[PDB]
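Below, each value reflects all heavy atoms present in this structure, side chains not excepted, and no hydrogens, waters or symmetry copies. Proteins get letters first, then strands, A, B, ... in listed order; numbering begins at 1 in each.
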Amino acid sequence: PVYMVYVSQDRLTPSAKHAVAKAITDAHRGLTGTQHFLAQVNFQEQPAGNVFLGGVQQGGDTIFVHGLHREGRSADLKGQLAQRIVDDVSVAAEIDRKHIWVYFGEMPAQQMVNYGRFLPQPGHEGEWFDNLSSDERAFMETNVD
Amino acid sequence: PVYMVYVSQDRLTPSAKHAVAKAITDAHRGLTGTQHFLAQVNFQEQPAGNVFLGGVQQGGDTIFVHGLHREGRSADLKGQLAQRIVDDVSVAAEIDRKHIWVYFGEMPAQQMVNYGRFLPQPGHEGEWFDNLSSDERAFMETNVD
Amino acid sequence: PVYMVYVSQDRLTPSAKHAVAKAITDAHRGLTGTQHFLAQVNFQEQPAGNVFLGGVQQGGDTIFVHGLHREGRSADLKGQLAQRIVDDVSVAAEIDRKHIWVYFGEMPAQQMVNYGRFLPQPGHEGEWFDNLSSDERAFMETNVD
């Protein structure tokens, strides 16, 4: 996946970011079986005060996670995945769950690419990896924590 | 909703950003009936020259509103709301309508989280607010302008 | 279309950004027939190290392109468009393809707005353009490279 994580500048240190990225990568990997290296977590920082709720300028605690997935998973699974992102990001970032927003968007995997290659179905995988080139697998492999 | 508003650095003063978040919120509240505090407006500033139109580097006037919505509203209502954002952001930003881009993407409510709580179906916002705990209600209410 | 291009700060020179913008814009025009000026490319820069892959902090080479399209085109055409973006952005940015991530999200053209006006369906740009007002046509024509 790609997780776009919109946060305010400075609210997360480099170690909070890694912590926030590990909590999200673990949830997605744990609940969908997708391998570690296929989860991209992309932090988008903006100055505090660029977030408004009900037209009221916010401080710098709001966290919005926009997850871009392949279609084909159940509402159950997606429900569990989002709840675990709320819980586990709350822990990692040391924020109150009342600051955490999470939207999952789904596209067909036919029109999705990571590492220059078209993704599998969630009902494939493994064999998509083993069908990649060895230099391709190798570069992917350096991306596991 | 979550409205990501892509503007150029310093195109919108702090005062201009507040009036724009206010316009967007008031349009979405007035046309869908969701409470103000559920309306998030997240400004994404980037230096001028990061927008290209047909390969022509642009100055800092272009505004892209990306609206993230729950599924279930008519094409009619979505039409009216998009037009009202164009007009109302134009006044609030004092910007000709020709610079304004607005896209609405929709996702099932069951995979969408708001203040750490899953959203109801559209039209069911009052029963879902009443169901919230007292501290959660009070906290949301602070976010109303 | 709107192409949000996520890259680390200073990874792209101002001329490489033009070349990536041109590469995407000519890909989209070539295969969809949409006029040059309807292609928006919006660079979203972040400091290097805000991207994680499998929990591993990255340098500034990763490029994620999130294309936002109208519904109505075939899986096959979107496959060719995605592959072409990978190939030609690779060239224009001097970045190996394996750093490049491409996702296409689709929406009904009835809830999408370019230059203050609603898009037509994916067959009817010419007649849509011809029926615009003469100042709008003139403004759109300026954004062609």
Report yes if some heavy atom in the side chain of [X] is under 4.5 Å from a heavy atom in the side chain of [Y]; otherwise report no.
{"X": "B:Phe129", "Y": "B:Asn131", "result": "no"}
{"X": "B:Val2", "Y": "B:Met4", "result": "yes"}
{"X": "A:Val5", "Y": "A:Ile24", "result": "yes"}

Working note: C:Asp26 + C:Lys22, criterion salt bridge (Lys or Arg N to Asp or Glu O under 4.0 Å); need CA distance, chi angles, decisive distance, verdict. CA-CA 6 Å; C:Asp26 289 323; C:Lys22 200 224 196 229; 3.5 Å; yes
Closest contact, heavy atoms only, [X] versus [Y]:
{"X": "A:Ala92", "Y": "A:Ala19", "answer": "CB-O, 3.4 Å"}
{"X": "C:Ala23", "Y": "C:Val89", "answer": "CB-N, 4.5 Å"}
{"X": "A:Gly60", "Y": "A:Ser8", "answer": "CA-OG, 3.4 Å"}
{"X": "B:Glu125", "Y": "B:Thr34", "answer": "OE2-CG2, 3.6 Å"}
{"X": "A:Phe52", "Y": "A:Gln57", "answer": "CD2-N, 3.2 Å"}
{"X": "A:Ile100", "Y": "A:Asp96", "answer": "CG1-O, 4.0 Å"}

Give me the ring orientation class for [X] and [Y]: parallel if the planes are under 30° apart, tilted from 30 to 60°, perpendicular past 60°.
{"X": "C:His66", "Y": "A:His66", "value": "tilted"}
{"X": "B:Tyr115", "Y": "A:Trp101", "value": "tilted"}
{"X": "C:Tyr3", "Y": "C:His69", "value": "perpendicular"}

Spacing of [X] atom [atom1] and [Y] atom [atom2] [to the nearest 0.5 Å]:
{"X": "A:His36", "Y": "A:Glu141", "atom1": "NE2", "atom2": "CD", "result": "13.0 Å"}
{"X": "A:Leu68", "Y": "A:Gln40", "atom1": "CG", "atom2": "CD", "result": "9.5 Å"}
{"X": "A:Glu94", "Y": "A:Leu12", "atom1": "CD", "atom2": "CG", "result": "10.0 Å"}
{"X": "A:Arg117", "Y": "A:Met112", "atom1": "CZ", "atom2": "CE", "result": "16.0 Å"}
{"X": "C:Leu38", "Y": "B:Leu53", "atom1": "CG", "atom2": "CG", "result": "9.5 Å"}
{"X": "C:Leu119", "Y": "C:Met107", "atom1": "CG", "atom2": "CE", "result": "8.5 Å"}

Stepwise, does the side chain to side chain contact (heavy atoms under 4.5 Å, CB included) test hold for A:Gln46 with A:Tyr6? CA-CA 8 Å; A:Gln46 287 284 316; A:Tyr6 302 92; over 6 Å; no
Under 3.5 Å, is there a donor-acceptor pair between the B:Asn143 and A:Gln58 side chains?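 A:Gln58 and B:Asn143 do have a side-chain donor-acceptor pair below 3.5 Å.
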Short side-chain donor-acceptor distance under 3.5 Å, A:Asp87 and A:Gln83: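 Yes, a side-chain donor-acceptor pair sits under 3.5 Å.
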More than 12 heavy atoms of other residues, nucleotides or ligands under 6.0 Å from CD of B:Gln110: is that the case?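 Atom CD in B:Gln110 is not packed in, count stays at 12 or less.
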Please check if atom CG in B:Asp130 has more than 12 non-hydrogen atoms from other residues, nucleotides or ligands closer than 6.0 Å.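 Counting other residues, nucleotides and ligands, CG of B:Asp130 exceeds 12 neighbours.
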Take C:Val41 and C:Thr25 through the side chain to side chain contact (heavy atoms under 4.5 Å, CB included) test and state the conclusion after the steps. CA-CA 8 Å; C:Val41 184; C:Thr25 295; 3.7 Å; yes
What verdict does the salt bridge (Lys or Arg N to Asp or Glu O under 4.0 Å) test give for A:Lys98 and A:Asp61, after you've listed the backbone C-alpha separation in whole Å, the side-chain angles of each residue and the deciding distance to 0.1 Å? CA-CA 10 Å; A:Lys98 60 176 181 160; A:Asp61 282 338; over 6 Å; no
Is there a side chain to side chain contact (heavy atoms under 4.5 Å, CB included) between A:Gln44 and A:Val7? Walk through the geometry before answering. CA-CA 6 Å; A:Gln44 297 289 295; A:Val7 292; over 6 Å; no
Kindly indicate, with the supporting measurements, whether the criterion side chain to side chain contact (heavy atoms under 4.5 Å, CB included) is fulfilled by A:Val113 and C:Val86. CA-CA 9 Å; A:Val113 175; C:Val86 170; 4.0 Å; yes
After noting the C-alpha distance and the side-chain angles of C:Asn50 and A:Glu45, does the key distance pass the side chain to side chain donor-acceptor pair (under 3.5 Å) rule? CA-CA 9 Å; C:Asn50 274 15; A:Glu45 299 173 301; 2.9 Å; yes
Would you mind telling me which of B:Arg70, B:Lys78, B:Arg73 makes a side chain to side chain donor-acceptor pair (under 3.5 Å) with B:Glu106?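 When side chain to side chain donor-acceptor pair (under 3.5 Å) is applied between B:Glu106 and each of B:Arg70, B:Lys78, B:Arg73, only B:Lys78 qualifies.
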Between B:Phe139 and B:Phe37, does the ring centroid distance fall short of 6.0 Å?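 Distance test on ring centres: not under 6.0 Å, no.
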Starting from the C-alpha separation in whole Å, work towards a yes-or-no answer on ring-ring contact (aromatic ring centres under 6.0 Å, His included) for B:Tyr103 and B:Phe64. CA-CA 8 Å; B:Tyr103 290 2; B:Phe64 177 38; 5.3 Å; yes
